[PDB]
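Participant: Build me a model from this:
(one chain, ligands or ions: 2)
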Amino acid sequence: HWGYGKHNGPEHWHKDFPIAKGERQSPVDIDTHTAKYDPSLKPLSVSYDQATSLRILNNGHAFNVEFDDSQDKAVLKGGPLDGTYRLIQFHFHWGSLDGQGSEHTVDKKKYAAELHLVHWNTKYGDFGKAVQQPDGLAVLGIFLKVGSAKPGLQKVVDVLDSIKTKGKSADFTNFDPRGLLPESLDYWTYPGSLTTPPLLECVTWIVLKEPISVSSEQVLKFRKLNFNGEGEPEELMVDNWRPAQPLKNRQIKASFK
Ligand SMILES: CC(=O)Nc1nnc(S(N)(=O)=O)s1
Ligand SMILES: [Zn+2]
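Facilitator: Numbering: from 1, shown residues only. Ligands and ions are numbered 1, 2, ... in the order given. Please see the structure below:
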């Protein structure tokens, strides 16, 4: 089954998921000089004050923090979006070294990791229906660079020891995702896809310009997780990122000049 190894990594995915070679795949390189400023784009509206986190899970490819999405508690609106998108989970992609890890790149620059806050369009009723629609998901992408620690991330880092291996989960309540946002909400946006199988082309990507900084010690703890289940041979969970895909017939728009 698929993964990030030499024998099952992204270059192999198309054999089981032919849409991997599709017209609106993600991630992409953001060429800052070719992106188009669009004055018609609205500011993002992030309403996370009533967010209810439930659980943190190692699913064998990353760790996910899951939220209660049975009501409009944590929602994303505005920007390029029509309607209301509910937060369902966030996760990260990261590297084995500080010079790599992000999925998106900016003028070919890679960051140490990338945070994805995944939201689904409420008009489709559930997440499973949403992924079948071209406007079904909105994913907010935030870059991480190594520098000073991010206090708001430390609660996540401290629980990782309890979900070291695939399939382990832990109760993870009262986490406030607002502590993971940068100061500015300036963004680029383009139409794209999930970056893991099944690679469905259902995502409006919103990638923030401003990275957040985390400390070397914080990212080091991500790299101690395992792809494998308990009792299996240890494989460190690192480099769980898909390389940039061709832009083809898409334009990246910027909310700022
Ligand atoms: C269930 C779920 O959320 N699946 C996802 N697959 N890829 C995602 S990402 N890397 O594009 O945010 S989210
Ligand atoms: Zn992701």
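Participant: Contact residues of the stretch 1-150 of the chain facing ligand 1?
Facilitator: Contact residues (Cβ under 6 Å from any ligand atom) of the stretch 1-150 of the chain with ligand 1: 89, 116, 118, 139. Where you see a C-beta, it was placed from the backbone N, CA and C, and this is true even at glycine.
Participant: List the contacts of the second one.
Facilitator: With contacts defined as Cβ atoms under 8 Å, 6 or more residues apart in numbering, residue 116 is in contact with 90-93, 139-141.
Participant: hey, what's it bridged with?
Facilitator: Under DSSP bridges, the beta-bridge partners of residue 116 are residue 91, residue 141.
Participant: how close does it sit to residue 16?
Facilitator: 22 Å (Cβ to Cβ, to the nearest Å).
Participant: try residue 152
Facilitator: 37 Å.
Participant: One more: residue 45?
Facilitator: Distance from residue 45 to residue 16, by Cβ to Cβ: 38 Å.
Participant: re the thing from before, residue 152 and residue 16: which has the busier surroundings?
Facilitator: Taking neighbours as other Cβ atoms under 10 Å, residue 152 and residue 16 compare with residue 152 leading, 16 against 13.
Participant: Residue 255 and residue 41 touch, don't they?
Facilitator: Yes - at 4.6 Å, residue 255 counts as touching residue 41 under the criterion of Cβ atoms under 8 Å.
Participant: Show me which of those two is the more surrounded one.
Facilitator: residue 255 (23 against 17).
Participant: how about the more buried one, what does it touch?
Facilitator: 37-38, 41, 43, 79, 186-189.
Participant: what does residue 232 give?
Facilitator: Contacts of residue 232 by Cβ under 8 Å, 6+ apart are residue 165.
Participant: how close does it get to residue 166?
Facilitator: 8 Å.
Participant: Looking at the contacts of residue 116, point me to the pair that's furthest apart.
Facilitator: 93 and 140 (13.9 Å; Cβ to Cβ).
Participant: quick one: the strands in the stretch 1-150 of the chain?
Facilitator: 29-30, 36-37, 44-47, 53-58, 63-67, 75-78, 85-94, 105-106, 113-121, 137-146 (DSSP state E, counting those that start in this stretch).
Participant: Tell me which residues are up against the fourth one.
Facilitator: Outside strand 53-58, the residues that touch it by Cβ under 8 Å, 6+ apart are 63-68, 156, 159, 163-175, 177, 225-226, 237.
Participant: Can you tell me which residues in the stretch 151-257 of the chain are near ligand 1?
Facilitator: So far as Cβ under 6 Å from any ligand atom goes, the stretch 151-257 of the chain lies against ligand 1 at 194-196.
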